(Lines of atoms letter the chains of each structure in order from A and count residues from 1; the text may use other names and numbers.)
(Lines give C-alpha, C1' and ligand atoms only; values in the text may rest on other atoms or scores of the structure.)
Protein backbone atom coordinates (compact mmCIF):
# COMPACT_ATOMS: atom_id res chain seq x y z
CA UNK A 1 0.00 0.00 0.00
CA UNK A 2 0.92 3.68 0.46
CA UNK A 3 0.47 3.80 4.26
CA UNK A 4 3.96 2.45 5.14
CA UNK A 5 4.35 -0.04 2.21
CA UNK A 6 4.66 -2.88 4.75
CA UNK A 7 1.49 -4.65 3.52
CA UNK A 8 2.77 -5.11 -0.05
CA UNK A 9 2.36 -8.71 -1.18
CA UNK A 10 3.98 -10.89 -3.80
CA UNK A 11 3.17 -14.26 -5.31
CA UNK A 12 5.82 -16.96 -5.23
CA UNK A 13 5.48 -20.49 -6.53
CA UNK A 14 7.85 -23.37 -6.06
CA UNK A 15 7.82 -25.27 -9.34
CA UNK A 16 7.63 -29.07 -9.66
CA UNK A 17 11.44 -29.30 -9.83
CA UNK A 18 11.65 -27.58 -6.42
CA UNK A 19 9.30 -30.11 -4.89
CA UNK A 20 11.01 -33.09 -6.57
CA UNK A 21 14.47 -31.91 -5.54
CA UNK A 22 13.31 -31.40 -1.96
CA UNK A 23 14.00 -27.67 -1.81
CA UNK A 24 10.65 -26.44 -0.48
CA UNK A 25 11.91 -25.95 3.07
CA UNK A 26 15.14 -24.33 1.88
CA UNK A 27 13.15 -21.83 -0.18
CA UNK A 28 10.63 -21.04 2.57
CA UNK A 29 13.46 -20.62 5.08
CA UNK A 30 15.13 -17.96 2.96
CA UNK A 31 11.95 -15.85 2.94
CA UNK A 32 11.42 -16.43 6.64
CA UNK A 33 14.93 -15.44 7.59
CA UNK A 34 14.63 -12.27 5.46
CA UNK A 35 11.76 -11.11 7.66
CA UNK A 36 8.84 -11.50 5.30
CA UNK A 37 5.46 -12.57 6.54
CA UNK A 38 3.88 -15.68 5.09
CA UNK A 39 0.21 -14.87 4.49
CA UNK A 40 -0.87 -17.69 2.18
CA UNK A 41 0.43 -21.13 1.33
CA UNK A 42 -0.85 -24.21 -0.46
CA UNK A 43 0.36 -27.23 -2.37
CA UNK A 44 -1.63 -27.49 -5.60
CA UNK A 45 -1.67 -28.99 -9.03
CA UNK A 46 -2.40 -26.08 -11.31
CA UNK A 47 -4.63 -26.49 -14.36
CA UNK A 48 -3.26 -25.72 -17.84
CA UNK A 49 -6.02 -23.09 -18.09
CA UNK A 50 -4.78 -21.22 -15.04
CA UNK A 51 -1.18 -21.52 -16.25
CA UNK A 52 -2.05 -20.25 -19.74
CA UNK A 53 -3.52 -17.16 -18.09
CA UNK A 54 -0.63 -16.89 -15.62
CA UNK A 55 1.93 -16.87 -18.46
CA UNK A 56 -0.16 -15.07 -21.10
CA UNK A 57 2.65 -12.55 -21.77
CA UNK A 58 4.84 -15.43 -23.00
CA UNK A 59 2.23 -16.99 -25.33
CA UNK A 60 4.33 -16.12 -28.42
CA UNK A 61 7.56 -17.70 -27.09
CA UNK A 62 8.50 -21.17 -28.49
CA UNK A 63 8.74 -22.75 -25.00
CA UNK A 64 5.29 -21.55 -23.92
CA UNK A 65 3.46 -24.83 -24.50
CA UNK A 66 6.06 -26.93 -22.70
CA UNK A 67 6.24 -24.42 -19.82
CA UNK A 68 2.49 -24.70 -19.35
CA UNK A 69 2.54 -28.50 -19.62
CA UNK A 70 5.47 -28.80 -17.26
CA UNK A 71 3.97 -26.49 -14.62
CA UNK A 72 0.74 -28.52 -14.82
CA UNK A 73 2.64 -31.82 -14.60
CA UNK A 74 3.19 -31.95 -10.86
CA UNK A 75 2.84 -30.25 -7.46
CA UNK A 76 3.57 -26.58 -7.04
CA UNK A 77 3.82 -24.73 -3.75
CA UNK A 78 1.90 -21.48 -4.11
CA UNK A 79 2.69 -18.73 -1.59
CA UNK A 80 2.01 -15.12 -0.76
CA UNK A 81 4.60 -13.18 1.21
CA UNK A 82 4.04 -9.76 2.74
CA UNK A 83 6.39 -6.93 3.63
CA UNK A 84 8.06 -3.72 2.58
CA UNK A 85 9.16 -3.87 -1.05
CA UNK A 86 8.51 -7.64 -1.03
CA UNK A 87 7.94 -7.82 -4.79
CA UNK A 88 11.27 -6.37 -5.82
CA UNK A 89 13.17 -7.88 -2.89
CA UNK A 90 11.82 -11.35 -3.59
CA UNK A 91 12.97 -11.05 -7.20
CA UNK A 92 16.41 -10.21 -5.84
CA UNK A 93 16.33 -13.17 -3.42
CA UNK A 94 15.39 -15.63 -6.13
CA UNK A 95 17.80 -14.21 -8.69
CA UNK A 96 17.67 -13.72 -12.46
CA UNK A 97 15.13 -15.82 -14.33
CA UNK A 98 18.02 -17.53 -16.07
CA UNK A 99 20.11 -19.23 -13.34
CA UNK A 100 23.25 -18.64 -15.42
CA UNK A 101 22.85 -14.92 -14.65
CA UNK A 102 21.80 -15.36 -10.99
CA UNK A 103 24.71 -14.77 -8.59
CA UNK A 104 25.58 -17.20 -5.81
CA UNK A 105 23.59 -16.28 -2.71
CA UNK A 106 20.36 -16.16 -4.66
CA UNK A 107 18.05 -19.15 -4.76
CA UNK A 108 18.62 -19.83 -8.44
CA UNK A 109 22.30 -18.94 -8.15
CA UNK A 110 22.75 -21.56 -5.42
CA UNK A 111 20.33 -24.30 -6.46
CA UNK A 112 19.68 -24.62 -10.18
CA UNK A 113 21.21 -24.51 -13.59
CA UNK A 114 18.84 -24.09 -16.53
CA UNK A 115 16.21 -21.47 -17.32
CA UNK A 116 13.43 -24.00 -17.84
CA UNK A 117 14.13 -25.76 -14.52
CA UNK A 118 14.55 -22.66 -12.38
CA UNK A 119 12.79 -23.83 -9.21
CA UNK A 120 10.49 -20.90 -8.55
CA UNK A 121 8.38 -18.09 -10.00
CA UNK A 122 8.09 -14.69 -8.30
CA UNK A 123 5.87 -11.76 -9.40
CA UNK A 124 7.83 -9.30 -11.51
CA UNK A 125 5.90 -6.21 -10.34
CA UNK A 126 3.26 -4.97 -7.92
CA UNK A 127 0.63 -5.10 -10.68
CA UNK A 128 1.60 -8.64 -11.76
CA UNK A 129 1.54 -9.64 -8.07
CA UNK A 130 -2.01 -8.33 -7.63
CA UNK A 131 -3.09 -10.29 -10.69
CA UNK A 132 -1.20 -13.50 -9.74
CA UNK A 133 -2.41 -13.45 -6.13
CA UNK A 134 -6.00 -13.09 -7.33
CA UNK A 135 -5.53 -15.87 -9.91
CA UNK A 136 -4.05 -18.47 -7.55
CA UNK A 137 -5.72 -17.68 -4.22
CA UNK A 138 -9.18 -16.92 -2.94
CA UNK A 139 -9.42 -13.91 -0.67
CA UNK A 140 -10.21 -16.12 2.33
CA UNK A 141 -6.88 -17.96 1.87
CA UNK A 142 -4.90 -14.77 2.64
CA UNK A 143 -4.44 -14.67 6.38
CA UNK A 144 -4.30 -11.67 8.65
CA UNK A 145 -2.13 -12.38 11.69
CA UNK A 146 -0.13 -10.38 14.19
CA UNK A 147 3.55 -10.76 13.38
CA UNK A 148 5.67 -10.64 16.55
CA UNK A 149 8.81 -10.20 14.39
CA UNK A 150 7.44 -6.95 12.85
CA UNK A 151 8.84 -5.00 15.82
CA UNK A 152 12.41 -6.18 14.99
CA UNK A 153 12.16 -5.76 11.21
CA UNK A 154 10.48 -2.35 10.94
CA UNK A 155 11.43 1.00 12.46
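Residue numbers count along the first chain shown, from 1.
Segment of higher mean CA temperature factor, 56 to 64 or 124 to 132:
In the deposited entry, the stretch with the higher C-alpha B-factor mean is 56 to 64.
Of 137 to 145 and 9 to 17, the stretch whose C-alpha atoms average the higher B-factor in the entry
Comparing averages over the C-alpha atoms only gives 137 to 145.
From 32, 110, 114, 26, can you pick the one with the highest C-alpha B factor in the entry?
It is 114.
Quick one: which of 69, 88, 42, 37 has the biggest Cα B-factor according to the entry?
Out of 69, 88, 42, 37, the record gives the largest C-alpha B-factor to 69.
Residue 47 - Cα temperature factor, lowest/middle/highest third of chain
Highest third.
Considering every modelled residue of the chain and its Cα B-factor in the PDB entry, is residue 93 in the lowest, middle or highest third?
Tercile = lowest for this residue's CA B-factor.
Within this chain, which third does the Cα B-factor at residue 100 fall in: lowest, middle or highest?
Ranked within chain, residue 100 CA B lands in the highest tercile.
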